[PDB]
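Listed below are the residues making up each chain.
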Amino acid sequence: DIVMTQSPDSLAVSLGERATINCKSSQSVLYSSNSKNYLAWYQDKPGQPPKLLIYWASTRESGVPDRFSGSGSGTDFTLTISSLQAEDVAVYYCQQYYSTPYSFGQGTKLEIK
Ligand code: IUM
Ligand SMILES: [Zn+2]
């Protein structure tokens, strides 16, 4: 199974500062025919359903501000929030949908320092 591993498990960043979250896939999720990374990022707020933030590893979902940026190819991916705002507090998850069963990381709890 393709296993997704996030780092760190928890991060306390100060408002206005940058938060960086890593996600590693056990095998490449970069499809050579497409040249696309089947990697997604979700933002999950307490008690709320998860919201899709970025897909194809770097494409932002409609409405998502550009301070959220996803990058990486193959096996190493990153979610960088430039200038963390109070509403950014949530657990962030990466997911691969390269091949079934689709899998997620254990999440990274992002908090205001
Ligand atoms: O808080 U919720 O998937
Ligand atoms: Zn901009």
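Header annotation of the entry names X-ray crystallography as the structure determination method and lists the resolution as 1.60 Å.

Visitor: For the pattern of salt bridges, give the residues involved together with the corresponding values.
Guide: Under the criterion given, the structure shown has 3 salt bridges. Ionic pairing is found between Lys-24 and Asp-76, a salt bridge with its closest N-O pair at 3.3 Å. One end of the pair, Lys-24, is in strand 3 (residues 19–25); the other, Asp-76, is in strand 10 (residues 76–81), with 52 residues separating them in the sequence. One salt bridge in this structure joins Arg-67 and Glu-87, with 3.2 Å as the shortest N-O distance. With a gap of 20 residues between them, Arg-67 in the loop between strand 8 (59–60) and strand 9 (68–73) and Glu-87 in the loop between strand 10 and strand 11 (90–96) connect regions that are remote in the sequence. Residues participating in the shared-partner salt-bridge network are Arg-67, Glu-87 and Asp-88.

Visitor: Which residues make up the UniProt feature "disulfide bond" in the protein, and what values do they have?
Guide: A sulfur-sulfur distance of 2.0 Å separates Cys-23 from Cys-94, so the disulfide listed by UniProt for this pair is formed here. Note that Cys-23 is positioned in strand 3 and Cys-94 in strand 11, a separation of 71 residues in sequence. There is no split in this pair, since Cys-23 and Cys-94 are both buried.

Visitor: Kindly report on the pairing of strand 13 (residues 108–112), identifying the contributing residues and their values.
Guide: Bridging between strand 2 (residues 10–13) and strand 13 involves 4 bridges; their strand directions are parallel. Note on strand 13: the bridge partner recorded for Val-13 is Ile-112. Note: strand 11 against strand 13, 3 bridges, orientation antiparallel. Each bridged residue has a counterpart across the sheet, and for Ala-90 the counterpart in strand 13 is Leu-110.

Visitor: Just give me the short version of the pairing of strand 7 (residues 51–55), but keep the residues and values in it.
Guide: Of the strand pairs in this sheet, strand 6 (residues 39–44) and strand 7 are connected by 3 bridges, and their pairing is antiparallel. Paired with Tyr-42 across the bridge in strand 7 is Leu-52. Where strand 6 folds back onto strand 7 in an antiparallel hairpin, the turn is made up of 6 residues, including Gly-47, whose phi is positive at roughly 70°. Pairing of strand 7 with strand 8 involves 2 bridges; the strand directions are antiparallel. Paired with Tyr-55 across the two strands is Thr-59, which belongs to strand 8.

About the criteria used
- Residues numbered from 1 in each chain as written, not as in the entry; some residues may be left out.
- Chains lettered and ligands numbered in written order.
- Heavy atoms only, no water.
- Residues with missing side-chain atoms left out of burial classes, pairs and counts.
- Salt bridge = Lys/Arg side-chain N within 4 Å of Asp/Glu carboxyl O.
- Helix = DSSP H or I, 4+ residues; strand = E, 2+ residues; numbered from the N terminus.
- Disulfide = S-S within 2.5 Å.
- UniProt positions renumbered as here; feature names shortened; annotations may be inferred.
- Buried < 20%, exposed > 50% of the residue type's maximum accessible area, 1.4 Å probe, protein only.
- Pairing = 2+ DSSP bridges.

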